[PDB]
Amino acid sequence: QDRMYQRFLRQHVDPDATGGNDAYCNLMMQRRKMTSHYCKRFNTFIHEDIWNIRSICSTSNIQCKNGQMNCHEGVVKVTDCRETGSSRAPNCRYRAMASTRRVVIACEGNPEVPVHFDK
C-alpha cells in the first residue's frame, strides 16, 4: 500500500531543490535516513513535482532490471549521489552529479504509484 510509495518519496523525491553539489547529498542522505548504521553507496534524488512523477506511471510498459514489465521511463532533473570511499559510517560522504536524464521507475497499485527507482 502507501508504505512502499512513502519510501519512494523519502528516498528519491525532492521537488523544489536545485541540488547538484556535495553539501546537498551529504545533508540530504542523512536527513532522509539512508545513513543509519551503514552508508548507502548510490542514490538518486528526483527534482520534479510529485504529480508529474506519478504521471510517468501512465506511459507504456517497458522491462525492469529484474525482468518484470511494470517499469516506465521519463526524463527528469536529478541529483545522483555516490559514496566517496574515504567516507565511513556514520559520517557518510558523497559526490554529487547534477543532470537532466532518463530514469526508469516501477509502479504498482490502483491508481498506479511509483514503488522502486529502477534506473
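Note that residue numbering begins at 1 and tracks the sequence as displayed.
Chemist: With reference to the PDB entry, specify whether the mean Cα temperature factor is higher for 105-113 or for 14-22.
Modeler: According to the entry, 105-113 carries the higher average C-alpha B-factor.
Chemist: Would you tell me which stretch averages the higher CA B-factor in the PDB entry, 24-32 or 67-75?
Modeler: The deposited B-factors put 67-75 ahead on the C-alpha mean.
Chemist: When the deposited Cα B-factors of this chain's modelled residues are ordered and cut into thirds, is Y38 in the lowest, the middle or the highest one?
Modeler: Highest third, going by the recorded CA B-factors of the chain.
Chemist: Among the modelled residues of its chain, does the C-alpha B-factor of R54 lie in the lowest, middle or highest third?
Modeler: Middle third by C-alpha B-factor.
Chemist: Can you work out whether the C-alpha temperature factor of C81 puts it in the lowest, middle or highest third of the chain?
Modeler: For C81, the deposited C-alpha B-factor lands in the middle third.
Chemist: Could you say whether, by C-alpha temperature factor, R88 belongs to the lowest, middle or highest third of its chain?
Modeler: According to the entry, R88 has a C-alpha B-factor in the chain's highest third.
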